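Right, one structure below, let's go through it.
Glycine also receives a Cβ, built like all others from the backbone with ideal geometry; neighbour counts cover every protein chain displayed. Just so it is clear, none of the values below were taken in a lab; they were calculated from the coordinates.
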Amino acid sequence: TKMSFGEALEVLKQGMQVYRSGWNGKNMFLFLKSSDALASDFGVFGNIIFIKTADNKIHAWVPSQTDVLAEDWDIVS
Amino acid sequence: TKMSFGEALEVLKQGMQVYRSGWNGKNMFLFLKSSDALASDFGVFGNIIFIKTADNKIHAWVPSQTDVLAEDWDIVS
Amino acid sequence: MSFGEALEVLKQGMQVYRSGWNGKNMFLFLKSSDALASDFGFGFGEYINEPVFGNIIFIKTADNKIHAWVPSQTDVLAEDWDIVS
Amino acid sequence: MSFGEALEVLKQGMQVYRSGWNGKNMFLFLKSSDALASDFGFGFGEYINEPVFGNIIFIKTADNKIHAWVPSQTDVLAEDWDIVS
């Protein structure tokens, strides 16, 4: 699978998890929690993209310029 | 107050809120939720920096290169 | 217009921006890895098969200055993107 | 060494890196607004009082290439920073 970031973004908006081929650390993906999600979660939030890093920790995802322009996005399956 | 980002970071690590002078939108600050904070919040998380944007919404903060090197950081008081 | 659409416009060499941005006269422009090899190559850019610089996205940050653009989560998920006339 | 310490080292013209980084031979280096005005100024950089480029932080991303560095939240809050020998 060779998706762009924009295509990988609509996949995130529909509740699925995406990852990149040329990423260094493994078992790594992104997931998007909506405001209502984050609200029922904790009580106003905006949409927040997270990342399950290699250490099984959840951090706020920071898009690198490479990740934004990359074409190697795939869906977790 | 003219703090660097590193000094503004230790202020975030002690549970205080920081902001920049040369920021465009107003009523804007950062705050840091720890893992244990985010855990008692919702159940493993890492440290996550947030930002109360101008629209009173909480987003995951993305550091611009300007914000990182800036010297106009101040504490909310 | 979403960010994914603004990306394809950026990769085609045009300037994009967000209406929801605070600043005025701000826009993103992309300098591809091959474009930088030509601008810094002195007519030898076509022969460089592995340029040093990767792709760099720039932003003219209202102050008539140019910085390297850091894509915020708000910009990535935004739908207020538009092309500079 | 924290990120704030790595910043002052970066502003002084030395290369920093994180041991917790996956990639090898990766390091950040800072190109100040005045440094870029000299390198692209042809001996006229000293007379430029308002350079076009702001400060740009770069990263040599293991592939022997250079990109504009996007500071992740992990790097910002990290304490595994170190100076390149």
Next item on the list: Describe numerically, in nm with one decimal, the distance between label points set 7 Å from Cα along Cα→Cβ at B:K13 and at D:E79.
Entry: 0.6 nm
Margin query: Could you work out the pair-distance distribution P(r) of the protein assembly as shown from its alpha-carbon pairs, with 20 angstrom bin width and percents rounded to whole numbers?
Written below: 29, 63, 8, 0
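Nearest 20 debye, what's the magnitude of the dipole of the protein assembly as shown about its Cα centre given +1 on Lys and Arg Cβ and -1 on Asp and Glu Cβ? Can you show the working numbers first?
On the way: 26 positive and 40 negative charges, 64 e Å.
The dipole of the protein assembly as shown has a size of about 300 debye.
With a Förster radius of 22 Å, plug the Cβ-Cβ distance of C:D39 and D:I48 into 1/(1 + (r/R0)^6) and report the FRET value to the nearest 0.05. Walk me through the numbers before you get to the answer.
Values: r = 19 Å, r/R0 = 0.87.
For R0 = 22 Å, the calculated efficiency reads 0.70.
In the structure shown, do any of B:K33/D:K65; A:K52/B:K57; C:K11/C:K65 have a Cα-Cα gap over 32 Å, and if so which?
Values: B:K33/D:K65 35 Å; A:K52/B:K57 23 Å; C:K11/C:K65 21 Å.
Going by Cα-Cα distance, B:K33/D:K65 fall outside the 32 Å limit.
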Notebook entry, point to check: In what sequence do D:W21, B:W61 fall when counting other Cβ within 10 Å, fewest first?
Noted result: D:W21, B:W61
Checklist line | Cα point-scatterer Debye curve for region A:5-75, base-10 log of I(q)/I(0) at q = 0.22, 0.23, 0.24, 0.29 Å⁻¹ | finding: -0.99, -1.07, -1.14, -1.44
Notebook entry, point to check: About the Cα centre of region A:5-75, what is the dipole size in debye to 20, counting +1 per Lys and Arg Cβ and -1 per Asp and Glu Cβ, all else neutral?
Noted result: 240 debye
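How much length would be gained if the chain were fully extended between D:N64 and D:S19, taking 0.36 nm per residue of separation minus their Cα-Cα distance, in nm to one decimal? Numbers along the way, then the final one.
On the way: separation 45, 0.36 × 45 = 16.20 nm, distance 1.80 nm.
Roughly 14.4 nm would be gained on extension.
Expressed as a whole percent, how much of the Cα-Cα distance distribution for chain D exceeds 20 Å?
Percent of Cα pairs beyond 20 Å in chain D: 38.
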Checklist line | Selection from C:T61, C:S33, C:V76 lying farthest towards where the dipole of chain C points positive, charges on Cβ | finding: C:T61
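So if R0 is 51 Å, what FRET efficiency would B:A54 and A:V76 give, r being the distance between their Cβ atoms, rounded to the nearest 0.05? Numbers along the way, then the final one.
Details: r = 34 Å, r/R0 = 0.67.
It comes to 0.90.
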